[PDB]
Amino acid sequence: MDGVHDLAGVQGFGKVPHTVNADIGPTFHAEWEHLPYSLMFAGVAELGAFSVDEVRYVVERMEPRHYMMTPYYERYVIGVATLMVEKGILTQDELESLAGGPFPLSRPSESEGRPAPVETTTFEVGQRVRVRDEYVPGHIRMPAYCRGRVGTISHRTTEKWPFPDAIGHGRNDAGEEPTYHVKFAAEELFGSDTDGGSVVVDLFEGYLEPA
């Protein structure tokens, strides 16, 4: 999904709000902040109601202006609540009643997702690959800066996982694929407009093709 969450390479932001080794304060800065992650795990591990991939996607589905003005932990409160409503576990009415006011949620999905690709290639360390020039409206773990770009395999994972574009929509056809650490030269991604050396993206097999 080409949403505002796909921030890598966006220009116009100021300084990162940190200097190295500065005190970051406690893990949680407010008494509610442990709830989004804990309740995500309740949903994933205890209820089996959704996957972590579905949590990523529901956060991507926040209305764009809403996403841009919402603090990190709050986005996950909104996302987990949205999933609970979408899965029929909770109602928005009861959330708003208990909250004592408005509890707007992420927007409905505009894609049913896609299955794990039937045809993929097992790649080896050192091989040149291109990221498939594909546009996916639902969940995908390919940041746009690498779409259509060429890099070299530095690692093939020894484990396999469900394809995000499927499991992020709760589909039954996510299968399993390994991922690949693909190293791109900075100039392959940003031309002359970068001060870096290389960028390594961890890409599912189904996002790749031989170069």
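Numbering starts at 1 and runs along the sequence shown.
**Student:** May I ask you to compare 118-126 and 85-93 by their mean CA B factor in the entry and name the higher one?
**Tutor:** Comparing averages over the C-alpha atoms only gives 118-126.
**Student:** If you average the Cα B factors in the entry, which is higher, 138-146 or 37-45?
**Tutor:** On average, C-alpha B-factors are higher across 37-45.
**Student:** In the PDB entry, which of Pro17, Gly12, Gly197, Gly9 has its C-alpha at the highest B-factor?
**Tutor:** Highest C-alpha B-factor among the listed options: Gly197.
**Student:** Which listed residue, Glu60, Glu54, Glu177, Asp165, has the largest C-alpha temperature factor in the record?
**Tutor:** Comparing C-alpha B-factors across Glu60, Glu54, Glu177, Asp165, the maximum falls on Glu177.
**Student:** Splitting the chain's C-alpha B-factors into thirds, which one does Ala211 fall into?
**Tutor:** It belongs to the highest third of the chain when residues are ordered by C-alpha B-factor.
**Student:** Using the B-factors in the PDB entry, rank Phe28's C-alpha atom against the chain and give the third, lowest, middle or highest.
**Tutor:** For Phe28, whose C-alpha B-factor we compare with every modelled residue in the chain, the answer is the highest third.
**Student:** Where does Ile153 sit by CA temperature factor within its chain: lowest, middle or highest third?
**Tutor:** It falls in the top third of the chain.
**Student:** Within this chain, which third does the Cα B-factor at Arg171 fall in: lowest, middle or highest?
**Tutor:** Answer is middle: the recorded C-alpha B-factor places it there.
**Student:** Classify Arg65 as lowest, middle or highest third according to the C-alpha B-factor given in the PDB entry, relative to its own chain.
**Tutor:** Tercile = lowest for this residue's CA B-factor.
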